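These notes concern the structure reproduced below.
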Amino acid sequence: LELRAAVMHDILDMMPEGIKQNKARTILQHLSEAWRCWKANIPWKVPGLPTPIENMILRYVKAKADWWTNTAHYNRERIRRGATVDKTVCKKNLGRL
Amino acid sequence: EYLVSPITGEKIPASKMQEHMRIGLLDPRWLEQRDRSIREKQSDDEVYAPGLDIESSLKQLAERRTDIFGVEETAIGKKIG
Amino acid sequence: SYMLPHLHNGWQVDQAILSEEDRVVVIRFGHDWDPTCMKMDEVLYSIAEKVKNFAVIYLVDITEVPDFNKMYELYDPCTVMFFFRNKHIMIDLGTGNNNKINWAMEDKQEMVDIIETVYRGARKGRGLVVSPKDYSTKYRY
Amino acid sequence: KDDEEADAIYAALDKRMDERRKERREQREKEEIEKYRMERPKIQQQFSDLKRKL
Amino acid sequence: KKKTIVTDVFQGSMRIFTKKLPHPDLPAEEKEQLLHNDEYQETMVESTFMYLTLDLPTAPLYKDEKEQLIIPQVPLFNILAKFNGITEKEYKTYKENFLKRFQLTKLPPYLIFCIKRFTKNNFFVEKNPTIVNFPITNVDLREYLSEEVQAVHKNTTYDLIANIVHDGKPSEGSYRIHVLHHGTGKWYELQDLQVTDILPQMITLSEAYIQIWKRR
RNA sequence: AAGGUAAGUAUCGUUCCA
Numbered sequence: 683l684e685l686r687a688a689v690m691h692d693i694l695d696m697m698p699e700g701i702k703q704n705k706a707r708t709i710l711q712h713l714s715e716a717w718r719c720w721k722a723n724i725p726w727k728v729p730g731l732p733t734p735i736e737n738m739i740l741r742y743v744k745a746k747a748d749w750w751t752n753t754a755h756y757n758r759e760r761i762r763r764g765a766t767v768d769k770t771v772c773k774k775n776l777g778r779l
Numbered sequence: 409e410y411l412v413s414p415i416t417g418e419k420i421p422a423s424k425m426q427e428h429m430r431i432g433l434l435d436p437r438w439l440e441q442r443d444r445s446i447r448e449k450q451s452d453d454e455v456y457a458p459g460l461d462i463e464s465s466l467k468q469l470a471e472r473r474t475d476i477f478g479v480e481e482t483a484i485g486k487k488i489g
Numbered sequence: 002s003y004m005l006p007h008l009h010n011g012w013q014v015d016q017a018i019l020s021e022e023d024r025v026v027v028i029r030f031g032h033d034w035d036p037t038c039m040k041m042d043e044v045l046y047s048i049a050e051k052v053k054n055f056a057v058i059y060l061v062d063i064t065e066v067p068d069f070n071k072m073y074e075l076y077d078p079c080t081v082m083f084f085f086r087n088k089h090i091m092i093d094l095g096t097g098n099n100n101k102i103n104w105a106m107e108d109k110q111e112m113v114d115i116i117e118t119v120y121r122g123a124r125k126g127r128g129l130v131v132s133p134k135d136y137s138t139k140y141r142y
Numbered sequence: 096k097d098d099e100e101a102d103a104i105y106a107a108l109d110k111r112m113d114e115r116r117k118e119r120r121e122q123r124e125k126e127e128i129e130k131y132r133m134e135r136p137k138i139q140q141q142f143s144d145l146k147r148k149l
Numbered sequence: 340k341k342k343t344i345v346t347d348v349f350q351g352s353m354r355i356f357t358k359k360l361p362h363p364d365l366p367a368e369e370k371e372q373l374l375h376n377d378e379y380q381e382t383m384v385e386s387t388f389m390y391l392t393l394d395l396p397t398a399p400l401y402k403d404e405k406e407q408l409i410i411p412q413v414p415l416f417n418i419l420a421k422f423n424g425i426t427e428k429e430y431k432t433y434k435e436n437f438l439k440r441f442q443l444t445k446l447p448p449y450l451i452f453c454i455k456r457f458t459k460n461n462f463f464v465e466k467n468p469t470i471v472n473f474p475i476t477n478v479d480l481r482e483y484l485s486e487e488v489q490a491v492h493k494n495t496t497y498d499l500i501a502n503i504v505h506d507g508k509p510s511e512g513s514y515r516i517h518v519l520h521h522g523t524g525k526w527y528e529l530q531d532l533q534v535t536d537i538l539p540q541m542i543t544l545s546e547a548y549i550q551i552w553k554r555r
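Residue numbers (the UniProt record's numbering), protein chains in the order written: chain G, 683 to 779; chain D, 409 to 489; chain E, 2 to 142; chain H, 96 to 149; chain Z, 340 to 555.
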């Protein structure tokens, strides 16, 4: 939540204050789509996206993917070592793995 | 060039008979689903905030979480330190 | 969190409870910057569209609206209150407190489960509904 | 206005009581987070340059 | 002994112009006044290097739409384009970013190119497996020096001598070495006792980590 | 110390408070 909030905060901050600010949900959907595409290992290349927006979204995806990998491996270590974990935690961890 | 409409039996231009057959058999009950879902979305009320509201809420959240935003770090709930 | 509609003063939340009759008003009292409140203010994001038919979600910052802290016991970091036709729908959890969900959960299906159960028990005309899951533990093992 | 004065007196007394190590503990935590901010930076300034490039 | 047997071989003089406080938290007018203050501008930061560092583009992180999992090949001159006034890298650190532009003012007899493959993320250290297309017997570096210094050097061409290639993850690695036997042109691959006269193409195909040159 | 409140509709008493 903090990383996505920071990315959206920066993008909306440098985005011009006009009526165009109606496009906040569009930016969030773009972020979610890029994250899904990385999760689904599918090529993601928006044609009309500006290169600075694309660069920032790539950096967001890379950072969240690094955290995703580390968290998945740490949770797996917790589970194999015998630590006490939740059922939904096991389900999400199995999906990530 | 004139042709004869297979459905109405009236002289028709030969250039239009293709889309004439496409559209003269337009299924009558299709009109409501064209004119029903659009009314539903016209009367539908939004679920998420307007974009300016997301912007303002993001500013307010940045005001507090200095562990992420700002340059002068402070407590989680504190405005500035 | 930031995506859901927000209420700024005391009148607005009372109106939002009153301005609806055919759904359930799910209000997340707390602080959207809280790690706890942000944990479930994204669950409430992921299901806001799904439960549009029978639920509307408003967010309230108790510091911005310091009018319901004393009456509804707003002192846990995060609180969820369900209202139906201007009537607080009590819900019986596994926890001792049966008026609120004062903890942020993780699964997007269970919250829709609870909201739909509240709606089902509120159409009948009850005041206390019973949750399907039991929260006297965490099922961790 | 005696109630407000009494409350202010007690609050000032309590605030005086925390001055036993306030100046040292706050400085220690200030120096302590700055060692943490090296290995683990902030997200916003991690996106500082791209935000500028926007 | 500012100049010893190893200093006058690999060390080279380097110029750095560094600007500070470009931070986005500053508004437009405040940053305009800051650059107007004449306190925060490019500075004389000439020093010495034992080896030139090479910063690579990040891994693609996405499959190419036509050929999935495409291998990222980048020409060497793109990397070496860092060392000129045209390009400037933001070595952000702590609170304020630092925009530095690099320049070469004394080419050492032998130029060492270290390659920043292994880097720590916010959470875990990874490697940057970006292949580089680099020649071995013809390269020109004259564009990276100021003309008031370019006249001194009549030899800006370097030939590869040794190459370092790493295997796998940082915690499980096995170095391999491509050595050039001078006089001949036999490039030999040594890992622990390996000896194999490779062709000048397997040097390009593999991902380099440390390169040794010779100005001749 | 808990995780053990069924939710309601009535007249009646009291009390602060407007």
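Cβ coordinates follow ideal geometry from the N, Cα and C atoms, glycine included.
Beta carbon of residue i nearer than 7 Å to that of residue j
| i | j | result |
| --- | --- | --- |
| G/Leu694 | D/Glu471 | no |
| E/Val57 | E/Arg29 | no |
| residue 143 of chain E | D/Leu469 | No answer is possible for residue 143 of chain E: it lies beyond the span of chain E, which begins at 2 and ends at 142. |
| Z/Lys358 | Z/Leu438 | yes |
| Z/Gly351 | Z/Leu446 | yes |
| Z/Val471 | Z/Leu415 | yes |
| E/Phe83 | E/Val44 | no |
| E/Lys88 | E/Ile48 | no |
| D/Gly459 | G/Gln703 | yes |
| Z/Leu395 | Z/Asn467 | yes |
| E/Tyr59 | D/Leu466 | no |
| Z/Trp552 | Z/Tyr433 | no |
| E/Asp93 | E/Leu129 | yes |
7 Å Cβ cut-off: residues of chain E touching residue i
| i | result |
| --- | --- |
| G/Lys769 | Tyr140 |
Contact with chain D by residue i, beta-carbon distance below 7 Å
| i | result |
| --- | --- |
| G/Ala745 | no |
| E/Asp33 | yes |
| G/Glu684 | yes |
| G/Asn704 | yes |
Min CB distance residue i to chain G below 7 Å
| i | result |
| --- | --- |
| D/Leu466 | yes |
| residue 575 of chain Z | Within the shown structure, residues of chain Z are numbered from 340 to 555, placing residue 575 of chain Z beyond reach of any answer. |
| E/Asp108 | yes |
| residue 324 of chain Z | The question about residue 324 of chain Z has no answer, for chain Z in this structure spans 340 to 555. |
| D/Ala422 | no |
| H/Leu108 | no |
Any chain E beta carbon closer than 7 Å to residue i
| i | result |
| --- | --- |
| G/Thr766 | yes |
| D/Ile446 | no |
According to DSSP, residues forming a beta bridge with residue i
| i | result |
| --- | --- |
| E/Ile92 | E/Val130 |
| D/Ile420 | D/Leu411 |
| Z/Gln550 | Z/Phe452, Z/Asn502 |
| Z/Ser352 | Z/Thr387 |
| D/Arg473 | The partner list for D/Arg473 (beta bridge, DSSP) is empty, contrary to what the question assumes. |
| E/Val119 | Paired residue(s): none; E/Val119 is not in a bridge. |
| D/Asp461 | For D/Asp461, which the question treats as bridged, DSSP gives no partner whatsoever. |
| E/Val81 | E/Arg29 |
| E/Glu111 | Bridge partners of E/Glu111: none, in fact. |
| G/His755 | Answer is none; G/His755 lacks a bridge partner. |
| D/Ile446 | DSSP output for D/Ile446 lists no bridge partner at all. |
Minimum Cβ-Cβ distance from residue i to chain Z less than 7 Å
| i | result |
| --- | --- |
| H/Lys125 | no |
| H/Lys146 | yes |
| G/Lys727 | yes |
Partners in chain G for residue i, counting only beta-carbon separations shorter than 9 Å
| i | result |
| --- | --- |
| H/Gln139 | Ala688, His691, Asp692 |
Test: residue i CB closer than 7 Å to a CB of chain H
| i | result |
| --- | --- |
| Z/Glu429 | yes |
| Z/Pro363 | yes |
| G/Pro698 | no |
| G/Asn723 | no |
| G/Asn752 | no |
Contacts of residue i in chain H (Cβ-Cβ under 7 Å)
| i | result |
| --- | --- |
| D/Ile476 | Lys137, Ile138, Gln139 |
Closer than 9 Å at the beta carbon, the chain H residues around residue i
| i | result |
| --- | --- |
| D/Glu480 | None at all; the shortest Cβ gap to chain H is about 11 Å. |
Listed by chain order, chain Z residues near residue i by CB distance under 8 Å
| i | result |
| --- | --- |
| H/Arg119 | Going along chain Z, no residue has its Cβ under 8 Å from H/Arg119, so there is no contact; the nearest lies around 24 Å. |
| G/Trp749 | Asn461, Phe462 |
7 Å Cβ cut-off: residues of chain G touching residue i
| i | result |
| --- | --- |
| E/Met112 | None at all; the shortest Cβ gap to chain G is about 12 Å. |
Beta-carbon neighbours of residue i, restricted to chain Z and to distances below 9 Å
| i | result |
| --- | --- |
| G/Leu740 | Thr397, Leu400, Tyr401 |
Chain D contact residues for residue i, given Cβ-Cβ distances below 7 Å
| i | result |
| --- | --- |
| E/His7 | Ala457, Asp461, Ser465 |
* May I have a chain-ordered list of the alpha helix (DSSP H) segments no shorter than 4 residues that lie completely inside the region 690-751 of chain G? => Correct list: 706-721.
* What are the uninterrupted segments assigned as beta strand (DSSP E) that are 3 or more residues long and contained completely in the region 18-79 of chain E, given in chain order? -> Along the length of the region 18-79 of chain E, whole beta strand (DSSP E) runs at least 3 residues long occupy 25-31, 56-62, reported in chain order.
* With a floor of 3 residues, list each beta strand (DSSP E) that falls wholly inside the region 459-491 of chain Z, ordered by position along the chain. => For secondary structure counted as the beta strand (DSSP E) over 3 or more consecutive residues, the region 459-491 of chain Z holds these complete runs in sequence order: 464-466, 470-472.
* Return the chain-ordered ranges of every alpha helix (DSSP H) run that is complete within the region 357-419 of chain Z and spans a minimum of 4 residues. => Correct list: 367-375, 415-419.
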